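Architecture and fold: a report
The residues making up each chain are set out below.
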Amino acid sequence: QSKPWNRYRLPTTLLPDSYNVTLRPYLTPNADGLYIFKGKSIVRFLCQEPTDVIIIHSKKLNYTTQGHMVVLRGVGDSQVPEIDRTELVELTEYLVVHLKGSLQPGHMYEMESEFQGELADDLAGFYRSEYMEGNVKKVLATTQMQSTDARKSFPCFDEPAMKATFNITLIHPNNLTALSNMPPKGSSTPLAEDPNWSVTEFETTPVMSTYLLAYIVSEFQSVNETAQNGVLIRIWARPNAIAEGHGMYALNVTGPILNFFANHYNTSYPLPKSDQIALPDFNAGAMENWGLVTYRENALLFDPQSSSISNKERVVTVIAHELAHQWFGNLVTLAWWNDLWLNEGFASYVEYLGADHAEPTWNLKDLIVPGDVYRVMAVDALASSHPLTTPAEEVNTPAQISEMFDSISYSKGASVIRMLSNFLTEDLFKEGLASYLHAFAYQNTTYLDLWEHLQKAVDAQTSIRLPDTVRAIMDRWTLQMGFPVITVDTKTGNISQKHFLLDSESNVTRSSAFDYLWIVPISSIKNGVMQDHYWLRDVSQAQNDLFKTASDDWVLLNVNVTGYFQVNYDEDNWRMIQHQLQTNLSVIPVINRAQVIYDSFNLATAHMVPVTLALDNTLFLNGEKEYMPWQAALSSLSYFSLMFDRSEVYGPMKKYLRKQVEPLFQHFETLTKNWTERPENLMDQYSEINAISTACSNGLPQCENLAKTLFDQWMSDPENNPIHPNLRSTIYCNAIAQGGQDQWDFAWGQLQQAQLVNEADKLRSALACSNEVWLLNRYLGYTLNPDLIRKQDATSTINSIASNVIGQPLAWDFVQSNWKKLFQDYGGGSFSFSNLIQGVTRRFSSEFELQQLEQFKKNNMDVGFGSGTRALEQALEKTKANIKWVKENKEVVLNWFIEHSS
Ligand SMILES: *[C@@H]1O[C@H](CO)[C@@H](O[C@@H]2O[C@H](CO)[C@@H](O[C@@H]3O[C@H](CO)[C@@H](O)[C@H](O)[C@H]3NC(C)=O)[C@H](O)[C@H]2NC(C)=O)[C@H](O)[C@H]1NC(C)=O
Ligand SMILES: *[C@@H]1O[C@H](CO)[C@@H](O[C@@H]2O[C@H](CO)[C@@H](O[C@@H]3O[C@H](CO)[C@@H](O)[C@H](O)[C@H]3NC(C)=O)[C@H](O)[C@H]2NC(C)=O)[C@H](O)[C@H]1NC(C)=O
Ligand SMILES: *[C@@H]1O[C@H](CO)[C@@H](O[C@@H]2O[C@H](CO)[C@@H](O[C@@H]3O[C@H](CO)[C@@H](O)[C@H](O)[C@H]3NC(C)=O)[C@H](O)[C@H]2NC(C)=O)[C@H](O)[C@H]1NC(C)=O
Ligand SMILES: *[C@@H]1O[C@H](CO)[C@@H](O[C@@H]2O[C@H](CO)[C@@H](O)[C@H](O)[C@H]2NC(C)=O)[C@H](O)[C@H]1NC(C)=O
Ligand SMILES: *[C@@H]1O[C@H](CO)[C@@H](O[C@@H]2O[C@H](CO)[C@@H](O)[C@H](O)[C@H]2NC(C)=O)[C@H](O)[C@H]1NC(C)=O
Ligand SMILES: *[C@@H]1O[C@H](CO)[C@@H](O[C@@H]2O[C@H](CO)[C@@H](O)[C@H](O)[C@H]2NC(C)=O)[C@H](O)[C@H]1NC(C)=O
Ligand SMILES: *[C@@H]1O[C@H](CO)[C@@H](O[C@@H]2O[C@H](CO)[C@@H](O)[C@H](O)[C@H]2NC(C)=O)[C@H](O)[C@H]1NC(C)=O
Ligand SMILES: *[C@@H]1O[C@H](CO)[C@@H](O[C@@H]2O[C@H](CO)[C@@H](O)[C@H](O)[C@H]2NC(C)=O)[C@H](O)[C@H]1NC(C)=O
Ligand SMILES: *[C@@H]1O[C@H](CO)[C@@H](O[C@@H]2O[C@H](CO)[C@@H](O)[C@H](O)[C@H]2NC(C)=O)[C@H](O)[C@H]1NC(C)=O
Ligand SMILES: *[C@@H]1O[C@H](CO)[C@@H](O)[C@H](O)[C@H]1NC(C)=O
Ligand SMILES: *[C@@H]1O[C@H](CO)[C@@H](O)[C@H](O)[C@H]1NC(C)=O
Ligand SMILES: [Zn+2]
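Residues numbered from 1 in each chain as written, not as in the entry; some residues may be left out. Chains lettered and ligands numbered in written order. Heavy atoms only, no water.

- Method of determination, as given in the entry header: X-ray crystallography; reported resolution: 2.05 Å.

A short note on the state of the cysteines
- Enumeration according to the criterion identifies two disulfides in this entry.
- The disulfide partner of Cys696 is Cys703, and the S-S distance across this bridge is 2.0 Å. Residues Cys696 and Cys703 share a disulfide whose torsion about the S-S bond is about -100°; that sign makes it left-handed.
- Judged by its relative accessible area of 4%, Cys696 is buried.
- The disulfide bridge from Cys733 ends at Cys769, spanning 2.0 Å between sulfur atoms. As the torsion about the S-S bond is roughly -95°, the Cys733-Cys769 disulfide counts as left-handed. Note that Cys733 is positioned in helix α19 (residues 728-738) and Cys769 in the loop between α21 (757-766) and α22 (773-782), a separation of 36 residues in sequence.
- Just so you know, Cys156 is unpaired, no disulfide at all, and the nearest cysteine sulfur is the one on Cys47, 20 Å from it.
- Overall, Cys156 belongs to the buried group, its relative accessible area being 0%. (Disulfide = S-S within 2.5 Å. Buried < 20%, exposed > 50% of the residue type's maximum accessible area, 1.4 Å probe, protein only. Helix = DSSP H or I, 4+ residues; strand = E, 2+ residues; numbered from the N terminus.)

A look at the site of ligand 3
- Around ligand 3, the structure places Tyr249, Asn252 and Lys312.
- Between ligand 3 and the protein, one listed contact pairs an oxygen atom with a side-chain N or O atom of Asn252 at 2.3 Å.
- Protein coverage of the free-state accessible area of ligand 3, which is 810 Å², stands at 19%. (Near = heavy atom within 4 Å. Polar contact = N/O pair within 3.5 Å; in protein donor to acceptor, adjacent residues only side chain to side chain. Areas by Shrake-Rupley, 256 points an atom, 1.4 Å probe, with all protein chains shown as cover.)

Notes on the packing of helix α17 (residues 682-697) against α19
- Two elements in contact, α17 and α19, have axes separated by 9 Å at closest approach and are oriented at 15°. Classed by the angle they form, the pair α17 and α19 counts as roughly parallel. Considering the relative orientation of α17 and α19, their crossing is left-handed. Residue-level contacts link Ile689, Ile692, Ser693 and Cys696 of α17 to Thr730, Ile731 and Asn734 of α19. (Axes fitted to C-alpha atoms, helices over the stretch in contact; angles between N-to-C directions. Parallel < 35°, antiparallel > 145°, perpendicular 65-115°, else oblique. Left-handed = near helix turned anticlockwise from the far one by under 90°. Contact = heavy atoms within 4.5 Å.)

Points about the domain arrangement of the chain
- Structurally, the chain comprises domain 1 (1-220), domain 2 (221-482), domain 3 (483-569) and domain 4 (570-902).
- The centre of domain 1, based on its C-alpha atoms, is set 54 Å off from the matching centre of domain 3. (Domains from an automatic or database assignment.)

Some words on the site of ligand 1
- All residues adjacent to ligand 1 are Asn20, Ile42, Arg44, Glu110, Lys185 and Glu201.
- At 2.3 Å from an oxygen atom of ligand 1 is found a side-chain nitrogen or oxygen belonging to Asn20.
- About the coverage of ligand 1: the protein hides 22% of its 810 Å² of free accessible area.
- Partitioned by chemical class, the residues of the shell around ligand 1 number one nonpolar, one polar and four charged. (Nonpolar A, V, L, I, M, F, W, Y, C, P; charged D, E, K, R; others polar.)

Remarks on the sheet that holds strand β24 (residues 494-499)
- With mixed pairing, the four strands of this open sheet are ordered in space as β29-β24-β23-β31. The two strands at the open ends of the sheet, each matched to only one other strand, are β29 (541-543) and β31 (566-569). Neighbour-to-neighbour, the strand axes of this sheet turn through a mean angle of 25°, independent of strand direction.
- Taken together, the three bridges between β24 and β29 define a ladder with antiparallel strand orientation. Each bridged residue has a counterpart across the sheet, and for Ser496 the counterpart in β29 is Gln541. (Pairing = 2+ DSSP bridges.)

Some thoughts on the pattern of salt bridges
- Under the definition given, this model contains 40 salt bridges.
- With a closest N to O distance of 2.7 Å, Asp122 and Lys152 form a salt bridge. Within this pair, whereas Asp122 is found in the loop between β8 (108-118) and β9 (125-133), its partner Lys152 is found in the loop between β10 (136-144) and β11 (165-173), the two being separated by 30 residues in sequence.
- The class of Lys152 is buried, set by a relative accessible area of 7%.
- Between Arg870 and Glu873 there is a salt bridge, and its shortest N-O distance comes to 3.2 Å. (Salt bridge = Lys/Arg side-chain N within 4 Å of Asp/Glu carboxyl O.)

Thoughts on helix α10 (residues 447-459)
- Relative to the 18 Å expected for 13 residues at 1.5 Å per residue, α10 spans 18 Å between its end C-alpha atoms, a close match to the ideal helical length.
- Within the sequence span of α10, burial applies to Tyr447, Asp449, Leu450, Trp451, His453, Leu454, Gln455, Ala457 and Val458.
- Looking at the buried positions of α10, the neighbouring elements they touch are β21 (332-334), α5 (340-358), α8 (407-424), α9 (426-440), β22 (443-445) and α11 (470-478). (Expected span 1.5 Å × (residues − 1).)

A closer look at the pairing of strand β6 (residues 83-89)
- Taken together, the six bridges between β6 and strand β7 (residues 94-103) define a ladder with antiparallel strand orientation. By the bridge assignment, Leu88 is partnered in β7 with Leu95.
- Following β6, the chain reverses through four residues before pairing antiparallel with β7; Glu93 in that reversal takes a positive phi of roughly 60°.

Focus: the environment of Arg658
- You can see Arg658 is positioned in helix α16 (residues 650-671).
- Assessed through its relative accessible area of 26%, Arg658 is described here as partly exposed.
- Residues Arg658 and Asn721 lie 63 residues apart in sequence; the distance between their C-alpha atoms is 28 Å.
- Excluding residues within four positions of it along the chain, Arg658 makes contact with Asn698, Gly699 and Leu700.

Observations concerning the coordination of the zinc ion (ligand 12)
- With distances of 1.9 to 2.1 Å, the protein atoms coordinating the zinc ion (ligand 12) are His321 (NE2), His325 (NE2) and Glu344 (OE).
- Mapping the donors of the zinc ion (ligand 12) onto the primary sequence gives the spacing H-x3-H-x18-E. Pair noted here: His321 is in helix α4 (residues 309-325) and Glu344 is in helix α5, with a separation of 23 residues, a long-range link. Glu344 shares its class with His321; the two are buried. (Donors = N, O, S within 2.8 Å, 3.2 Å for Na, K, Ca; no water.)

Points about the nonpolar core
- With 298 residues, the main nonpolar core has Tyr265, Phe328, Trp451, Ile495, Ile522, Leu557 and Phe640 as its most contacted residues.
- Aside from chain neighbours lying at most four places away, what touches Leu557 is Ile486, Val488, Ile495, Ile522, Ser523, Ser524, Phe547, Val567, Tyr569, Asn592 and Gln595.
- Of all hydrophobic cores here, the second largest spans six residues; its members include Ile36, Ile171, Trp197 and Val199. (Core = buried A, V, L, I, M, F, W, Y, C linked by side-chain atoms within 4.5 Å.)

Quick look at the side chain of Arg151
- Considering the arrangement of structural elements, one finds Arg151 in the loop between β10 and β11.
- Separated by 2.7 Å, the side chains of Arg151 and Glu93 make a polar contact.
- In contact with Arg151, not counting residues within four places along its chain, are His57, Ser58, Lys59, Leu61, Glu93, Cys156, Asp158 and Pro398.

Thoughts on unusual backbone geometry
- Put simply, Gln146 and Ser147 share a cis peptide bond, and its omega is 0°.
- Even without being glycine, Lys673 reaches a positive phi, approximately 60°.
- Examined against the element boundaries, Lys673 turns out to sit in the loop between α16 and α17.
- Classification of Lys673 by relative accessible area gives exposed; the value is 51%.

Pasting the structure below:
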């Protein structure tokens, strides 16, 4: 029998009731340069089963408690056993209190400790964050408990189902502000031992999970709003950011998003206030701490002067995502990390709904298709994928827990939940959702609890009928990896399903309890008219007249790609769809105009259609005004550009794209009144951004003229940038491409004085668009200079240069030559060799290039590859795949482009 302190899961013998936690960050180092925090805690817990050991989590804490590492008392008149000894077991991250007798069922105990830890700049637990305000380096104290780091700040039963109330006190410099989950109890009071410090106590939290705790000590300031129901809403940021008004957009959307969710969830916002805080360089991006949500600055702040529309979209959706969790995830919590997909998947879906409420003219809900569905299908159409569900007993270590946070959990989770809501109808979905939240409020669940409540809503009505239970359907989508391609023969109306893999030669070795068969909801449109809904049962082949067509008719499946699958047709139906798109595109919903392109290119990759059929699906684009179908083409063709931009294929390709985009460019020229005013809504603005990008990068003279004119105008009046933030990346890039050192030196000067990260990013990237070899090489020479290029931006800048067809050999030589910088950057800055390697070798598609990559690997003697070890293996395998693809596709693609480039 293994000792419990050697098991990764806590015993169930003791359950926490409530905690007092007092934390005191020391924001001045101890002269050795060490920053620390001190703390004191008392946990009150209940004995469920007799035990003579207390096992609680503790990570990187030193104990200074008088006596043993803890003091143990009984609550009320309970007697307590004497402590035998306390020890720390580092591997399983435990503090272990061995007792001389047993705790008694039904009795409550209080365990007190005093401790300290490093306030490291490690983004884990209670940690420090350094940033600049003018000449002064500022340091604040903040938290990131997700997933298993609460125990790094104080000893606790650090599993999500072991919920408790928390009384947080911060002891901090008297001129700084202290924030936590709950409002402060009142005004701060001086610390008696040293009145330079103050003591801020916070109101008791609701019953909640340790991973959602937060506390922050900083100089930050806020913009505020009180909602009609009295809920205080604040956006916190650096005093300069607040003064510039960069917190305003977030403040604008927050109230409406909270209102949307209270109604959507049929549940009041469960806290007295909402704080959201913008942290400089918060690498986790965003964390849904209950009542105190943390964001990286560029995720929460918005500058109308320099920020593009895509920046606005990022802000409203990231906010909606975190706010979604304040009910789903925080109020009702998944019992264990193996079900992380339900929590993050749900938030990743409803972020679009919440954002749509704040910005109802934007059609934001559409963006889940490009943003999540087709994104995750790329990795879920591999033999190396994995099911959404993982047995709980396989998820034990903090590393195993962290592995839950991936593209499948977030984006496939979002995709399958959106499919579920769609086939149930939103009204029915919302009813089950409300029932689930009301039943499990302040408690924990598994995904089976949601299915059961959804089933209850299904069973309480008669309109929506399903081919099986909610659970049996969802099991097909959650217990096995991947997704089917649905193939229709419109001559007969025969319809089939099979596990879709991009590599037709791939061997799947992960077994499925269902033999990779799904129960598939199938909406369809025929001649532009919605048909009756259909369910494909767990069969390989079926037939229905819904999918049988006449010679002059067409059918199209999966309206708005609500279903998590791709669709193939017989060539005749494809041709009819193409005809419809050529003659009157308005008849096919915009999302399906994108689907036709997305799916066919994937099908070509899989050898289920010829590559020419996929290309034929781009032919209609010359008349397409809307964002998504163009985006689908551009995403699908980026690999073609990557493979062929140094070959004889490139000329006809550019010419074809010039032909396709010219009318869209012309359209926006008129609509925008000679480019003076942006289109109204988000999607049209996105379309303009892509149109100008496509036009300019493919050498459309009218676009080249625009870019030169705007940049020249800017150079003649630097303080007044005439280029709208939406277009800056293209205009900057094309203009630097056309020009020489005058444009380059001007943009470099602008970069060096850039106050805002998003503008600096645009400049760094555009500078890589120079067509002068000497300018690119001189630029490369700058990438390793911290005075000129931030370390964190080094590999990104090299990759941008590599992306330039001219910079490709320059960057590859630069990387090979300077690879002797691994023992300079691995302990001091992680650097990410993996990204660099992938970026620089991205183009490789010849045996000769493979031979070069093998030769570079032949420095195996010491130096190594660091964190990019076996990312080099991925590059070698990718090159082999590229060689095979180019050989198979070169002639066919060349001839298609020549044929269709006029
Ligand atoms: C977790 O923290 C809580 C907040 O500090 C503690 O509750 C507080 O306990 C204090 C006593 O330890 C009380 O303060 C005063 O104590 C003096 C003792 O001499 C009494 O005269 C007073 O009655 C009392 N002051 C007032 C204004 O009543 C606090 O009253 C009390 N605060 C509360 C209940 O909100 C918890 O004790 C602590 N938990 C554990 C297990 O230690
Ligand atoms: C938690 O306790 C740890 C173990 O006691 C502390 O880590 C130790 O810090 C010591 C002092 O800072 C280091 O020992 C030596 O200290 C002398 C005098 O300060 C120096 O001359 C030496 O350079 C130093 N030794 C070395 C090899 O550098 C220990 O290195 C170190 N022990 C470890 C890490 O196992 C923590 O500081 C303490 N943390 C907090 C937040 O209180
Ligand atoms: C947070 O919400 C605010 C209220 O809805 C928005 O405030 C609006 O800002 C607009 C842009 O600054 C203003 O529109 C126009 O501004 C120009 C330039 O100064 C003026 O010429 C126009 O008179 C003005 N109105 C027009 C063209 O109709 C709005 O006036 C203003 N609305 C209100 C009620 O004050 C904020 O924009 C918003 N913050 C962010 C970052 O989006
Ligand atoms: C955290 O603070 C709360 C609020 O003061 C404490 O809740 C009280 O707990 C005591 C002892 O169990 C009860 O007599 C009171 O009825 C509670 N008050 C309320 C409003 O719930 C809680 O005990 C504190 N936590 C700890 C660990 O001391
Ligand atoms: C809070 O008080 C501290 C200590 O007086 C201030 O920190 C100093 O700030 C000045 C800049 O004006 C620096 O020159 C010093 O080096 C800082 N001293 C220390 C010990 O850090 C701080 O500026 C005050 N902050 C606010 C918001 O009032
Ligand atoms: C949650 O939903 C319920 C049920 O729809 C809401 O109660 C209804 O409110 C409307 C509004 O006038 C009434 O017409 C219905 O008669 C109510 N139905 C019932 C059964 O009470 C309720 O207001 C919602 N609650 C929250 C907190 O959002
Ligand atoms: C995890 O969640 C379950 C609910 O899904 C909790 O069990 C419930 O506890 C409440 C409140 O004490 C009872 O009213 C219910 O009867 C329980 N339902 C059950 C057992 O199905 C459970 O307590 C939570 N786990 C922890 C450690 O708090
Ligand atoms: C469409 O499905 C039908 C029926 O499932 C297929 O017809 C069957 O084909 C096999 C081939 O040997 C015959 O043995 C059966 O007798 C046929 N069943 C009939 C006619 O009812 C048909 O081949 C399919 N058509 C396709 C895939 O184009
Ligand atoms: C397919 O998606 C489109 C959006 O791309 C849906 O059209 C929207 O529908 C709602 C409700 O009918 C309207 O409020 C919006 O104004 C519509 N927007 C546009 C641009 O048309 C359409 O309803 C979806 N089709 C199906 C069958 O669900
Ligand atoms: C897959 O299995 C087949 C034999 O069934 C074999 O020919 C092939 O080499 C295997 N691997 C790949 C990557 O195709
Ligand atoms: C094309 O179809 C749209 C949408 O169904 C319709 O409104 C329009 O009349 C049609 N236009 C033409 C030119 O056929
Ligand atoms: Zn989330």
